[PDB]
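Working notes, structure below.
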Amino acid sequence: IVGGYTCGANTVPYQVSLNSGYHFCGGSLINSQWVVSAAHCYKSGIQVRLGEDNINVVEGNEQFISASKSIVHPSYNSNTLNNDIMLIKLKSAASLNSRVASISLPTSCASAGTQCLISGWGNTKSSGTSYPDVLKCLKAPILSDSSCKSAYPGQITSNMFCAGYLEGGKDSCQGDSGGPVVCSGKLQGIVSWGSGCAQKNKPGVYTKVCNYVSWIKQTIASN
Amino acid sequence: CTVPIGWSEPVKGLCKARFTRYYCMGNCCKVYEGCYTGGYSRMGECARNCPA
Ligand SMILES: [Ca+2]
Ligand SMILES: [Cl-]
C-alpha cells in the first residue's frame, strides 16, 4: 500500500497473508475454511496466515494453516487477468474470533464513488521497494467504468473495476495482490493489477467480486 | 550482484503479487521481488545458468 497508513492490529480480521517461505500475496477469509485471493497468486506450497499484524513477529493471534486446495477460476486468463479470482481451502478450519473473522460476500455490486478500505503488506513505495512489518490500509473510492476505461483502454473487462486516485500517490502495490477491497461491510474487490503503483492517470484495478457469487458458492459446495 | 545503470532488467508485471525470483543479469543472478514469472525460484538454479 502506497500513500496509506497503519490499520491497527487485527482491525482487518478477514485479512490473510499467503506465505510460501515469505509473504507473496494477500487474501480474504470468507468462512472458517475458505479464503478468496487472486488467480495470479497461484503457486505450490501455500500457508495461510490469519490473525497477523506484524508478519515478521509472532504476536500471539496468528493461526498458521496450510492451503489444502488452491482453485483458480477455470476461465482465468493470465494475459488479460480476466477472472482473476482463486479460492483456497484451509486444511483445518480457522478458529473464528474477534481477530480472525470472515468478511461478507456482496449481494449486489457497489457503485461509483463508494469509499472502500484496501489493505495489505505490499510495497509502500511507488519507485523502489519498502515492505512493511505491519498491515497497511488505504481509503479509496470506486471509480466509474468510463474513467477506468479512459485510464486503461482495451484492458478493462466487465469483471474489473478501478479504485483509487488519478493524481498519483495512493494505491495498492506489489504484495497486496489477492487482498481485500471492502465497501460497506462487503468484499467487493480483490487487489489485481495496475500500471505500476500510485502513478498519475493509472489507478488500481480490482477483480469485481459481485460477479462471482455463484461461482464462489458452487466451488465451496463442490470441494 | 551489481547491475550497471542502463542494463535491461526484467519487465515488471502489472499484477500485484510479490514473488521472489532470481534472474541472471550479465555475470550474476540478482533477486527480483514483484510480479515476475521469469527467472528461477531457486538462486542456485539461476546461478548455474548464469551467464547466458
Ligand atoms: Ca505476526
Ligand atoms: Cl538455492
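We count ligands from 1, going down the list as the structure has it; atoms in each ligand are counted the same way. Computed from heavy atoms alone, side chains included, the values below leave out hydrogens, waters and symmetry copies. Reminder, nothing fancy here: chain letters follow the sequence lines and each chain counts from 1.
The Ca ion (ligand 1) has A:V57 among its coordinating residues (N/O/S atom, backbone or side chain, under 3.0 Å). Among the atoms of A:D53, no N, O or S atom falls under 3.0 Å of the Ca ion (ligand 1). Taking backbone and side chain together, A:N56 holds no N, O or S atom under 3.0 Å from the Ca ion (ligand 1). At least one N, O or S atom of A:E62, from either the backbone or the side chain, sits less than 3.0 Å from the Ca ion (ligand 1).
Nearest N, O or S atom of A:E52 to the Ca ion (ligand 1): atom OE1.
Atom CD of A:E52 is separated from atom NE2 of A:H23 by 10.0 Å, given to the nearest 0.5 angstrom.
Judged by the 6.0 Å and 45° rule, A:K202 forms a cation-pi pair with A:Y152.
For B:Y32 and B:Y23, the distance between ring centers is under 6.0 angstrom.
Taking a cutoff of 4.0 Å between a charged side-chain nitrogen and a carboxylate oxygen, B:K16 and A:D171 qualify as a salt bridge. Classification of B:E33 and B:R18 as a salt-bridged pair holds, one side-chain N sitting under 4.0 Å from a carboxylate O.
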